[PDB]
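Student: Mind having a look at this structure? Questions to follow.
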Amino acid sequence: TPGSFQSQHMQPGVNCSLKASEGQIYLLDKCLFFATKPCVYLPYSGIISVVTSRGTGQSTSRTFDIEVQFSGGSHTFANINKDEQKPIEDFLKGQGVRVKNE
Amino acid sequence: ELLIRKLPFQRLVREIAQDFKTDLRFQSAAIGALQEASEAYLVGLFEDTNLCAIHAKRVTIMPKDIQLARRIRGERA
Amino acid sequence: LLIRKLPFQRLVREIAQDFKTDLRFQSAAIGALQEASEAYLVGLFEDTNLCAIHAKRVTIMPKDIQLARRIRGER
Amino acid sequence: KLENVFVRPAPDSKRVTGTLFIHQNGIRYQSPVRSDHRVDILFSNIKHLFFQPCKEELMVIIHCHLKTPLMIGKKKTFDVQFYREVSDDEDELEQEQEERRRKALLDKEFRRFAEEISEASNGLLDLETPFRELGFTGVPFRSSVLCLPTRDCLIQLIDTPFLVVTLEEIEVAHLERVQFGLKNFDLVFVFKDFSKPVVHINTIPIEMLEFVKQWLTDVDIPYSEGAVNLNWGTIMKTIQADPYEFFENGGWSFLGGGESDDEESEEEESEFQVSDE
Amino acid sequence: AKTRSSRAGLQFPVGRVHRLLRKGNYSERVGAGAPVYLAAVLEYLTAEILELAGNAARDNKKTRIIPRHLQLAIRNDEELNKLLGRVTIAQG
Amino acid sequence: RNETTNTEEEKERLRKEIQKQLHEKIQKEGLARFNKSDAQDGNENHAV
Amino acid sequence: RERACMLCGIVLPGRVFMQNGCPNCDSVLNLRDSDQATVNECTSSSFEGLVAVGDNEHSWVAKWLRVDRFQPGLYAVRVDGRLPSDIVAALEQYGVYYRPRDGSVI
Amino acid sequence: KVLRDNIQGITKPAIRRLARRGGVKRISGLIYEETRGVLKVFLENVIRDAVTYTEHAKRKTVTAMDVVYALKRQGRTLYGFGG
Amino acid sequence: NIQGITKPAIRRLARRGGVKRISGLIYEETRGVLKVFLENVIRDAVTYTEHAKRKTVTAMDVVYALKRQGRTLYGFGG
Amino acid sequence: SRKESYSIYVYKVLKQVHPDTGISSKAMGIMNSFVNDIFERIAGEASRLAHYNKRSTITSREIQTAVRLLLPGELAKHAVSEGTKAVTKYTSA
DNA sequence: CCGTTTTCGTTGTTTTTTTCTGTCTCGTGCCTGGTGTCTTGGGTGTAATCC
Ligand SMILES: [Zn+2]
């Protein structure tokens, strides 16, 4: 079931795009789960670091991107609302995941 | 750091300004502020364009994406 | 106006019931609220239709609304 | 002959350049790689012959719209397009001038060849060119494209699938989504042959509405406007079932209802154009 | 010509505009031709709008101007709609 | 501008008059194309 | 990746020159405020003779290399390439004389 | 008396009619709820300001001018109801 | 002077905006958009300057012209 | 007191422009809102200019340049011409 | 702040018929599969500097 994660909007997940596919990311107690073709399951034990990009320089990007690095590659989740950045970072730090902010 | 070369932007600004009043002078800080604002605007526009392109299930941004973003913002009628 | 005048009145009162208990309303306040709401929604449906046509579609879907509200700068 | 020409639809899955030949009763496209990939088009079967120069395009075009459909490879088509592509601070400005020379060269050669096709037809085929200044943007299929009027047709030839609407075959035009401060509208063409499916052109910018209305009037096409996208699958099947009863009850003339028929208004304040205090 | 509107050939009230500019907390002092200039501009703009509203009401065979005709006039004029792009018209 | 909008709108009254003459023309040319005898000879289409 | 600023003779990474400019020549070159072409025309990655200076005031080498009025750091005895004619004229406008460090002029 | 869950008074035809006036031909079934939420968030943002004005005037009735100022603050200027 | 905005500069601006692939007409489209933006902003700034009875365009004119558009800029004396 | 509105002036202007046309009450409400809104915009921008230039008086130059900022090209040109004409003739008279 | 006028907001009841829905078949558009050809990597191989 959904974990202890609650978005700024009190929602159990966040809207994001993985490549050209729009969908929902769920931060569950043991894993990150993206529920939209293609479905992506990422256990926290397999995650090396999460990199968050909020504009990579000048101009405030209203929507930020999350790159999840793991032993088999990286997944970039794009178009996440910036208000959801702090709740996601605090939850991932709470789960013992290394968060890097460019 | 600013991604446009300074002299081309200054020449463009002077070319544009010369169509409203001849013999105008610009403080260097005015050109710097204009360049900062123009790049910030263009980066925000490119972010919206990227969002539109990803919405259409593509990777390549196209002029129709720019026109749609500018229309939705309320910039083009 | 396409929405009626009494369900909308009840909705407005229900929403207003959170900010201050037992608030009276005025002749042209509910009417103005309905005009503004319908104008806003029509503009939003215009943008949604534009996005849906952009996606080569004719059916508007919730992700088009979300994209429109994202580009407008809505939270 | 015209050399180094690509054909659409392609007879094989491989894009190959060919040579187009003028013969006594038609044209022949012939691939150099295989003799069996010939495309023969009779002058009697061409309905419309279009030429389109590189005015903004990376390509030059000779398009044949057909009366009867042909079987090119595995595809039935009414349209056969013959084309070639131009594509391959003062130095970059000079490179644009060199591209403008290459445009003008291919434009002159392909226009001349399309006129020579018209001459070889003994006056059966007129050469049409698009009026670019009268063009408007719209979505007939899945992409936004520039729709171009010609003398006798509304065309789009740059992207597949092609649009070719003959103006004389139109019975009525309907403008859908037209109402109070709307962002865009749709245009629907109904044909005189009710068995033919209606053609939709979507998202025409509202800025072009008054221009499209003027253009339809200048071409003697009746139009009507509506706030709602009327279904034509329904409308046509009812009209096909009894076309006589349809016209007996007012056809589309009654549906038009141009008369505003509005007298209720919103009352009036005491009419007094006099300074008060 | 007693009224200041007459001395300027205007129809809008110069005196009321002067009073509103003064009793409005905009600046310590007010000129003598600022109210005149502003009244002239306002009268010109209202005439500009009423011309197109009359045109639209005459295209609908109507003698009275209603919010519909004002909406049509504004949204059909390139410059007025640019001026009034963020304005909602009730019953328009 | 007022005399040009009057002129442009009188050209638009001619535009509307043409559009009305086109709707009446097509109505007459639909009643002439389809006769009550063709309606009587209704062809029922069956799945082949 | 390191480049040698032609005017003052300092050697720093080319990306450092682009992002921050020359700490000494910025009063006359505006290297940070200059595009990549101007950075290359005033900072060259092809050089010879790495020099480390600790005390500009008392080092006879710094006086001999005319770098005793600059920031201590990495410097090059010889730098490939010279300043362009337009930049030379711009510096001459400021009243500063440019002596090439290319070695071909002595 | 307290009002409970009156959002469903924005029935399917109102939203459909609003879409048709907006030029929408085909409407997905998830739209109606989407729209409802959007409208809620709008009204809550406008009303919170109108009420803020009403309470500051030490009044107990929400007037039309309060709504007009609340809209004007968001760049939603409304002609017809005063101004 | 509008050709001074080279293709690499537009590419750089798109990369900082997160754009992965770029069409060939994007450059001309962007040049047109930038020209419109700059035209409006410089027109407002020159209006401010003429009103102040100056022949030099200051940073205050640009800052007020951006505040006029709604593009408030910090760090230039505002 | 008797509420102030620009209704009679709009009637005067209308009869000047369209003698055989009438206005509804709601259209007059809209017109009054428009006039008030434009006055507010122009006065606020004039005050902003006066404060920007350390001045304590609103003269016709501030109003003119406010009109230059607010109105688009042709509208600004015609309105500036109209205002200067009216101010010139009021001064002359 | 206090007294006045009288509009239009709140209250309730009856009737109409457009809108919502249960049900069916068909199709068109969403999704899976096959394929293009470009930008780029990883490697061989020829050839080399360095001490
Ligand atoms: Zn240096």
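Chain identifiers are assigned as A, B, and so on, following the order in which chains appear in the structure tokens; residues are numbered from 1 within each chain, and ligands are numbered from 1 in order of appearance.
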Using only C-alpha atoms (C1' of nucleotides) and all ligand atoms, which residues of the polymer chains come no farther than 12 Å from ligand 1? I'd like the answer as a PDB file with N, CA and C atoms, in the first residue's frame.
Tutor:
```
ATOM      1  N   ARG G   3      45.277  26.917 -19.948  1.00  0.00           N
ATOM      2  CA  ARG G   3      45.630  27.906 -20.960  1.00  0.00           C
ATOM      3  C   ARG G   3      46.406  29.044 -20.318  1.00  0.00           C
ATOM      4  N   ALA G   4      47.244  29.695 -21.117  1.00  0.00           N
ATOM      5  CA  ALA G   4      48.098  30.780 -20.650  1.00  0.00           C
ATOM      6  C   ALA G   4      47.566  32.102 -21.178  1.00  0.00           C
ATOM      7  N   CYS G   5      47.194  33.001 -20.265  1.00  0.00           N
ATOM      8  CA  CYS G   5      46.718  34.318 -20.664  1.00  0.00           C
ATOM      9  C   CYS G   5      47.847  35.091 -21.330  1.00  0.00           C
ATOM     10  N   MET G   6      47.616  35.528 -22.569  1.00  0.00           N
ATOM     11  CA  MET G   6      48.695  36.098 -23.369  1.00  0.00           C
ATOM     12  C   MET G   6      49.239  37.380 -22.752  1.00  0.00           C
ATOM     13  N   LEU G   7      48.360  38.234 -22.228  1.00  0.00           N
ATOM     14  CA  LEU G   7      48.789  39.557 -21.788  1.00  0.00           C
ATOM     15  C   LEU G   7      49.642  39.477 -20.527  1.00  0.00           C
ATOM     16  N   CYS G   8      49.073  38.968 -19.431  1.00  0.00           N
ATOM     17  CA  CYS G   8      49.815  38.920 -18.179  1.00  0.00           C
ATOM     18  C   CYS G   8      50.751  37.724 -18.088  1.00  0.00           C
ATOM     19  N   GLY G   9      50.508  36.669 -18.860  1.00  0.00           N
ATOM     20  CA  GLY G   9      51.327  35.477 -18.809  1.00  0.00           C
ATOM     21  C   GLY G   9      50.875  34.412 -17.834  1.00  0.00           C
ATOM     22  N   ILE G  10      49.791  34.643 -17.087  1.00  0.00           N
ATOM     23  CA  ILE G  10      49.329  33.648 -16.130  1.00  0.00           C
ATOM     24  C   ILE G  10      48.757  32.445 -16.870  1.00  0.00           C
ATOM     25  N   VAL G  11      48.802  31.288 -16.217  1.00  0.00           N
ATOM     26  CA  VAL G  11      48.291  30.038 -16.770  1.00  0.00           C
ATOM     27  C   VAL G  11      47.204  29.510 -15.849  1.00  0.00           C
ATOM     28  N   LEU G  12      46.007  29.344 -16.391  1.00  0.00           N
ATOM     29  CA  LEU G  12      44.879  28.802 -15.647  1.00  0.00           C
ATOM     30  C   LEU G  12      44.043  27.972 -16.604  1.00  0.00           C
ATOM     31  N   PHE G  17      39.197  30.533 -17.097  1.00  0.00           N
ATOM     32  CA  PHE G  17      39.264  31.820 -17.781  1.00  0.00           C
ATOM     33  C   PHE G  17      37.897  32.240 -18.303  1.00  0.00           C
ATOM     34  N   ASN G  20      35.469  32.914 -14.912  1.00  0.00           N
ATOM     35  CA  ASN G  20      35.853  33.986 -14.000  1.00  0.00           C
ATOM     36  C   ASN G  20      36.741  35.055 -14.617  1.00  0.00           C
ATOM     37  N   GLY G  21      37.441  34.770 -15.710  1.00  0.00           N
ATOM     38  CA  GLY G  21      38.318  35.741 -16.323  1.00  0.00           C
ATOM     39  C   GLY G  21      39.670  35.819 -15.638  1.00  0.00           C
ATOM     40  N   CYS G  22      40.550  36.600 -16.240  1.00  0.00           N
ATOM     41  CA  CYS G  22      41.895  36.776 -15.711  1.00  0.00           C
ATOM     42  C   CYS G  22      41.862  37.692 -14.497  1.00  0.00           C
ATOM     43  N   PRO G  23      42.351  37.254 -13.333  1.00  0.00           N
ATOM     44  CA  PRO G  23      42.307  38.123 -12.145  1.00  0.00           C
ATOM     45  C   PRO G  23      43.161  39.374 -12.266  1.00  0.00           C
ATOM     46  N   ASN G  24      44.139  39.395 -13.171  1.00  0.00           N
ATOM     47  CA  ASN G  24      45.014  40.550 -13.340  1.00  0.00           C
ATOM     48  C   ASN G  24      44.641  41.396 -14.550  1.00  0.00           C
ATOM     49  N   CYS G  25      44.348  40.760 -15.681  1.00  0.00           N
ATOM     50  CA  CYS G  25      44.087  41.473 -16.924  1.00  0.00           C
ATOM     51  C   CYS G  25      42.641  41.925 -17.074  1.00  0.00           C
ATOM     52  N   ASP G  26      41.772  41.631 -16.105  1.00  0.00           N
ATOM     53  CA  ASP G  26      40.370  42.013 -16.232  1.00  0.00           C
ATOM     54  C   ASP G  26      40.181  43.525 -16.244  1.00  0.00           C
ATOM     55  N   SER G  27      41.172  44.289 -15.782  1.00  0.00           N
ATOM     56  CA  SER G  27      41.076  45.745 -15.831  1.00  0.00           C
ATOM     57  C   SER G  27      41.269  46.293 -17.240  1.00  0.00           C
ATOM     58  N   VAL G  28      41.867  45.515 -18.140  1.00  0.00           N
ATOM     59  CA  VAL G  28      42.056  45.956 -19.520  1.00  0.00           C
ATOM     60  C   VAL G  28      41.565  44.954 -20.551  1.00  0.00           C
ATOM     61  N   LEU G  29      41.375  43.678 -20.208  1.00  0.00           N
ATOM     62  CA  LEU G  29      40.957  42.670 -21.177  1.00  0.00           C
ATOM     63  C   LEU G  29      39.488  42.292 -21.066  1.00  0.00           C
ATOM     64  N   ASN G  30      38.927  42.307 -19.854  1.00  0.00           N
ATOM     65  CA  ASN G  30      37.553  41.860 -19.618  1.00  0.00           C
ATOM     66  C   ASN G  30      37.352  40.442 -20.152  1.00  0.00           C
ATOM     67  N   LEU G  31      38.270  39.549 -19.773  1.00  0.00           N
ATOM     68  CA  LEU G  31      38.266  38.192 -20.313  1.00  0.00           C
ATOM     69  C   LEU G  31      36.998  37.438 -19.928  1.00  0.00           C
ATOM     70  N   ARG G  32      36.546  37.604 -18.686  1.00  0.00           N
ATOM     71  CA  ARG G  32      35.281  37.001 -18.276  1.00  0.00           C
ATOM     72  C   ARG G  32      34.120  37.559 -19.094  1.00  0.00           C
ATOM     73  N   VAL G  39      38.705  34.941 -25.561  1.00  0.00           N
ATOM     74  CA  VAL G  39      39.453  34.201 -24.548  1.00  0.00           C
ATOM     75  C   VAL G  39      40.631  33.475 -25.187  1.00  0.00           C
ATOM     76  N   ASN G  40      40.398  32.814 -26.320  1.00  0.00           N
ATOM     77  CA  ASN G  40      41.490  32.155 -27.029  1.00  0.00           C
ATOM     78  C   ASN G  40      42.518  33.169 -27.521  1.00  0.00           C
ATOM     79  N   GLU G  41      42.054  34.315 -28.025  1.00  0.00           N
ATOM     80  CA  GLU G  41      42.961  35.338 -28.530  1.00  0.00           C
ATOM     81  C   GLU G  41      43.765  36.006 -27.423  1.00  0.00           C
ATOM     82  N   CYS G  42      43.336  35.875 -26.166  1.00  0.00           N
ATOM     83  CA  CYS G  42      44.099  36.391 -25.040  1.00  0.00           C
ATOM     84  C   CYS G  42      44.598  35.316 -24.084  1.00  0.00           C
ATOM     85  N   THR G  43      44.059  34.098 -24.148  1.00  0.00           N
ATOM     86  CA  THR G  43      44.578  32.966 -23.387  1.00  0.00           C
ATOM     87  C   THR G  43      44.828  31.816 -24.347  1.00  0.00           C
ATOM     88  N   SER G  44      46.054  31.302 -24.353  1.00  0.00           N
ATOM     89  CA  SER G  44      46.448  30.236 -25.261  1.00  0.00           C
ATOM     90  C   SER G  44      46.830  28.994 -24.468  1.00  0.00           C
ATOM     91  N   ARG G  66      58.277  40.589 -16.218  1.00  0.00           N
ATOM     92  CA  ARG G  66      57.290  41.664 -16.103  1.00  0.00           C
ATOM     93  C   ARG G  66      55.973  41.155 -15.521  1.00  0.00           C
ATOM     94  N   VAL G  67      56.065  40.325 -14.483  1.00  0.00           N
ATOM     95  CA  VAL G  67      54.880  39.790 -13.823  1.00  0.00           C
ATOM     96  C   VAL G  67      54.945  40.102 -12.333  1.00  0.00           C
ATOM     97  N   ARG G  69      53.912  42.738 -10.974  1.00  0.00           N
ATOM     98  CA  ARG G  69      52.721  43.489 -10.599  1.00  0.00           C
ATOM     99  C   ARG G  69      51.445  42.666 -10.732  1.00  0.00           C
ATOM    100  N   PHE G  70      51.554  41.341 -10.786  1.00  0.00           N
ATOM    101  CA  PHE G  70      50.419  40.464 -11.023  1.00  0.00           C
ATOM    102  C   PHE G  70      50.256  39.475  -9.874  1.00  0.00           C
ATOM    103  N   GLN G  71      49.185  38.691  -9.958  1.00  0.00           N
ATOM    104  CA  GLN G  71      48.898  37.696  -8.934  1.00  0.00           C
ATOM    105  C   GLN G  71      49.889  36.540  -9.036  1.00  0.00           C
ATOM    106  N   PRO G  72      50.466  36.092  -7.922  1.00  0.00           N
ATOM    107  CA  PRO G  72      51.331  34.905  -7.970  1.00  0.00           C
ATOM    108  C   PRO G  72      50.551  33.676  -8.409  1.00  0.00           C
ATOM    109  N   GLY G  73      51.230  32.793  -9.132  1.00  0.00           N
ATOM    110  CA  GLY G  73      50.586  31.593  -9.627  1.00  0.00           C
ATOM    111  C   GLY G  73      51.377  30.993 -10.776  1.00  0.00           C
ATOM    112  N   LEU G  74      50.659  30.251 -11.617  1.00  0.00           N
ATOM    113  CA  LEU G  74      51.270  29.570 -12.748  1.00  0.00           C
ATOM    114  C   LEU G  74      51.446  30.536 -13.914  1.00  0.00           C
ATOM    115  N   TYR G  75      52.674  30.629 -14.420  1.00  0.00           N
ATOM    116  CA  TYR G  75      53.000  31.495 -15.542  1.00  0.00           C
ATOM    117  C   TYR G  75      53.857  30.731 -16.540  1.00  0.00           C
ATOM    118  N   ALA G  76      53.838  31.199 -17.786  1.00  0.00           N
ATOM    119  CA  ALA G  76      54.524  30.539 -18.890  1.00  0.00           C
ATOM    120  C   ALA G  76      55.618  31.444 -19.433  1.00  0.00           C
ATOM    121  N   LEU G  83      48.410  38.756 -29.536  1.00  0.00           N
ATOM    122  CA  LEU G  83      47.148  39.472 -29.442  1.00  0.00           C
ATOM    123  C   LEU G  83      46.722  39.969 -30.825  1.00  0.00           C
ATOM    124  N   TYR G  98      51.675  46.831 -25.077  1.00  0.00           N
ATOM    125  CA  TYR G  98      51.688  45.375 -25.041  1.00  0.00           C
ATOM    126  C   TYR G  98      53.023  44.871 -25.573  1.00  0.00           C
ATOM    127  N   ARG G 101      54.927  38.032 -25.364  1.00  0.00           N
ATOM    128  CA  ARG G 101      55.696  37.006 -24.677  1.00  0.00           C
ATOM    129  C   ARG G 101      55.973  35.800 -25.565  1.00  0.00           C
TER     130      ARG G 101
END
```
Student: Please list as an NGL selection string every residue within 12 Å of residue 34 (chain I), counting only C-alpha atoms (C1' of nucleotides) and excluding residues in the same chain fewer than 2 positions away.
Tutor: (:B and (9 or 12-13 or 16 or 34-35 or 37-43 or 45)) or (:I and (2 or 5 or 10 or 26-32 or 36-42))
Student: Store the residues picked out above in a file with N, CA, C and O atoms, as a tab-separated table (two decimals), in the first residue's frame.
Tutor:
```
chain	number	residue	atom	x	y	z
B	9	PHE	N	25.27	41.15	-28.58
B	9	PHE	CA	24.05	41.60	-27.94
B	9	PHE	C	24.00	43.11	-27.86
B	9	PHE	O	22.94	43.71	-28.06
B	12	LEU	N	23.10	44.31	-31.33
B	12	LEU	CA	21.68	44.10	-31.58
B	12	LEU	C	20.84	45.14	-30.85
B	12	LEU	O	19.88	45.68	-31.42
B	13	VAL	N	21.19	45.44	-29.61
B	13	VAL	CA	20.43	46.41	-28.83
B	13	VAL	C	20.51	47.78	-29.48
B	13	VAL	O	19.50	48.48	-29.61
B	16	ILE	N	18.41	47.89	-32.68
B	16	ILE	CA	16.99	48.03	-32.39
B	16	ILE	C	16.67	49.44	-31.91
B	16	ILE	O	15.71	50.06	-32.37
B	34	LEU	N	19.45	43.91	-19.52
B	34	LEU	CA	18.68	43.44	-20.66
B	34	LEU	C	19.08	42.02	-21.03
B	34	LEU	O	18.23	41.19	-21.35
B	35	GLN	N	20.38	41.72	-20.96
B	35	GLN	CA	20.83	40.39	-21.33
B	35	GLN	C	20.35	39.36	-20.31
B	35	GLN	O	19.90	38.27	-20.69
B	37	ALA	N	17.64	39.58	-18.40
B	37	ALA	CA	16.20	39.40	-18.58
B	37	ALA	C	15.90	38.59	-19.83
B	37	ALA	O	15.03	37.71	-19.82
B	38	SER	N	16.62	38.86	-20.92
B	38	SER	CA	16.34	38.16	-22.17
B	38	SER	C	16.69	36.68	-22.06
B	38	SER	O	15.93	35.83	-22.52
B	39	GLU	N	17.81	36.36	-21.41
B	39	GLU	CA	18.15	34.95	-21.26
B	39	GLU	C	17.19	34.25	-20.31
B	39	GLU	O	16.80	33.11	-20.55
B	40	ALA	N	16.79	34.91	-19.22
B	40	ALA	CA	15.84	34.29	-18.31
B	40	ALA	C	14.52	34.01	-19.01
B	40	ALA	O	13.94	32.92	-18.88
B	41	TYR	N	14.06	34.98	-19.81
B	41	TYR	CA	12.83	34.81	-20.57
B	41	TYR	C	12.96	33.65	-21.54
B	41	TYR	O	12.07	32.80	-21.64
B	42	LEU	N	14.07	33.60	-22.27
B	42	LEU	CA	14.24	32.56	-23.27
B	42	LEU	C	14.35	31.18	-22.63
B	42	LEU	O	13.85	30.20	-23.19
B	43	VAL	N	14.96	31.09	-21.45
B	43	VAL	CA	15.07	29.80	-20.79
B	43	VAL	C	13.71	29.34	-20.29
B	43	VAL	O	13.35	28.16	-20.43
B	45	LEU	N	10.88	30.14	-21.65
B	45	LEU	CA	10.16	29.76	-22.86
B	45	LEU	C	10.60	28.40	-23.36
B	45	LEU	O	9.77	27.60	-23.81
I	2	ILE	N	21.07	40.90	-36.00
I	2	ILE	CA	20.30	39.78	-35.46
I	2	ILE	C	20.94	38.44	-35.78
I	2	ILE	O	20.59	37.43	-35.17
I	5	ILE	N	23.21	36.42	-32.89
I	5	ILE	CA	22.73	35.35	-32.03
I	5	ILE	C	22.90	34.02	-32.76
I	5	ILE	O	22.00	33.56	-33.46
I	10	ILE	N	21.84	29.62	-29.15
I	10	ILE	CA	20.49	29.11	-28.97
I	10	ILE	C	20.52	27.68	-28.47
I	10	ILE	O	19.71	27.28	-27.62
I	26	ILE	N	13.99	26.25	-35.27
I	26	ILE	CA	13.90	26.79	-33.93
I	26	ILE	C	14.74	28.05	-33.82
I	26	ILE	O	14.39	28.98	-33.09
I	27	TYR	N	15.84	28.12	-34.57
I	27	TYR	CA	16.75	29.25	-34.45
I	27	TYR	C	16.10	30.53	-34.96
I	27	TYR	O	16.11	31.56	-34.29
I	28	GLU	N	15.49	30.45	-36.15
I	28	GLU	CA	14.78	31.61	-36.68
I	28	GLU	C	13.58	31.97	-35.82
I	28	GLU	O	13.31	33.15	-35.57
I	29	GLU	N	12.85	30.96	-35.34
I	29	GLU	CA	11.70	31.24	-34.48
I	29	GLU	C	12.14	31.98	-33.22
I	29	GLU	O	11.51	32.97	-32.81
I	30	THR	N	13.24	31.53	-32.62
I	30	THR	CA	13.74	32.14	-31.40
I	30	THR	C	14.24	33.55	-31.66
I	30	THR	O	14.04	34.45	-30.84
I	31	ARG	N	14.89	33.76	-32.81
I	31	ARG	CA	15.32	35.11	-33.15
I	31	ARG	C	14.14	36.05	-33.28
I	31	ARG	O	14.18	37.18	-32.78
I	32	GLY	N	13.05	35.59	-33.91
I	32	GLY	CA	11.87	36.43	-33.99
I	32	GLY	C	11.27	36.75	-32.64
I	32	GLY	O	10.92	37.90	-32.35
I	36	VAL	N	10.96	40.47	-30.81
I	36	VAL	CA	9.72	41.08	-30.33
I	36	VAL	C	9.86	41.52	-28.88
I	36	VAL	O	9.51	42.65	-28.51
I	37	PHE	N	10.39	40.62	-28.04
I	37	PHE	CA	10.58	40.95	-26.63
I	37	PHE	C	11.46	42.18	-26.45
I	37	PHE	O	11.10	43.12	-25.72
I	38	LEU	N	12.60	42.20	-27.13
I	38	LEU	CA	13.53	43.31	-26.98
I	38	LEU	C	12.93	44.59	-27.52
I	38	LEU	O	13.15	45.67	-26.96
I	39	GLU	N	12.16	44.50	-28.60
I	39	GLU	CA	11.52	45.68	-29.15
I	39	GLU	C	10.60	46.32	-28.12
I	39	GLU	O	10.68	47.53	-27.86
I	40	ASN	N	9.76	45.51	-27.49
I	40	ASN	CA	8.84	46.05	-26.49
I	40	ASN	C	9.60	46.66	-25.31
I	40	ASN	O	9.31	47.79	-24.89
I	41	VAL	N	10.59	45.93	-24.80
I	41	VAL	CA	11.27	46.40	-23.60
I	41	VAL	C	12.06	47.68	-23.88
I	41	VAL	O	12.03	48.63	-23.09
I	42	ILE	N	12.75	47.73	-25.02
I	42	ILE	CA	13.54	48.91	-25.34
I	42	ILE	C	12.63	50.09	-25.65
I	42	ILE	O	12.96	51.23	-25.33
```
Student: From the DSSP assignment of the backbone, select every residue of chain F that is alpha helix (DSSP H), and format the answer as a PyMOL selection string.
Tutor: chain F and resi 2-31+36-40
Student: Restrict the selected residues to C-alpha atoms and save them as a compact mmCIF listing (two decimals), in the first residue's frame.
Tutor:
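The resulting file, again-v8.txt, is shown below:
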```
# COMPACT_ATOMS: atom_id res chain seq x y z
CA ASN F 2 -16.09 55.55 -39.52
CA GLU F 3 -16.74 56.00 -43.29
CA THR F 4 -14.33 53.10 -44.07
CA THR F 5 -16.06 50.77 -41.52
CA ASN F 6 -19.41 51.81 -43.10
CA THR F 7 -17.92 50.99 -46.57
CA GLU F 8 -16.35 47.69 -45.36
CA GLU F 9 -19.62 46.70 -43.62
CA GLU F 10 -21.67 47.55 -46.78
CA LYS F 11 -19.25 45.20 -48.64
CA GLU F 12 -20.01 42.75 -45.76
CA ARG F 13 -23.81 43.26 -46.43
CA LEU F 14 -23.05 42.30 -50.06
CA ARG F 15 -21.06 39.29 -48.63
CA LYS F 16 -24.20 38.27 -46.61
CA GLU F 17 -26.52 38.90 -49.60
CA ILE F 18 -24.30 36.63 -51.76
CA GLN F 19 -24.34 33.99 -48.96
CA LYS F 20 -28.20 34.22 -48.82
CA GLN F 21 -28.41 33.90 -52.69
CA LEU F 22 -26.07 30.84 -52.43
CA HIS F 23 -28.27 29.12 -49.78
CA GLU F 24 -31.47 29.79 -51.83
CA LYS F 25 -29.66 28.61 -55.02
CA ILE F 26 -28.55 25.30 -53.44
CA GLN F 27 -32.03 24.75 -51.97
CA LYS F 28 -33.54 25.16 -55.50
CA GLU F 29 -30.76 22.93 -57.02
CA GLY F 30 -31.41 20.19 -54.34
CA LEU F 31 -35.19 20.14 -55.01
CA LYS F 36 -40.42 12.40 -55.43
CA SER F 37 -40.18 9.49 -57.98
CA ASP F 38 -36.57 8.75 -56.91
CA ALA F 39 -37.76 8.73 -53.26
CA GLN F 40 -40.50 6.19 -54.22
```
Student: List the spatial neighbours of region 230-240 of chain D as a ChimeraX atom specification - criterion: any atom at most 8 Å away, only C-alpha atoms (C1' of nucleotides), same-chain residues fewer than 4 positions off excluded.
Tutor: /D:176,194-195,198,246
Student: Compute the set of chain J residues within 7 Å of chain E, using only C-alpha atoms, and express it as JSON, numbers by chain.
Tutor: {"J": [9, 13, 14, 17, 18, 21, 22, 23, 24, 26, 27, 43, 47, 56, 57, 58, 59, 60, 63, 72, 79, 82, 83, 84, 86, 87, 89, 90, 93]}
Student: Can you pull out the residues contacting region 7-23 of chain C? Cut-off 6 Å, using only C-alpha atoms (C1' of nucleotides), and skip same-chain residues under 2 positions away; I want them as a ChimeraX atom specification.
Tutor: /C:5 /H:3,6,9,60
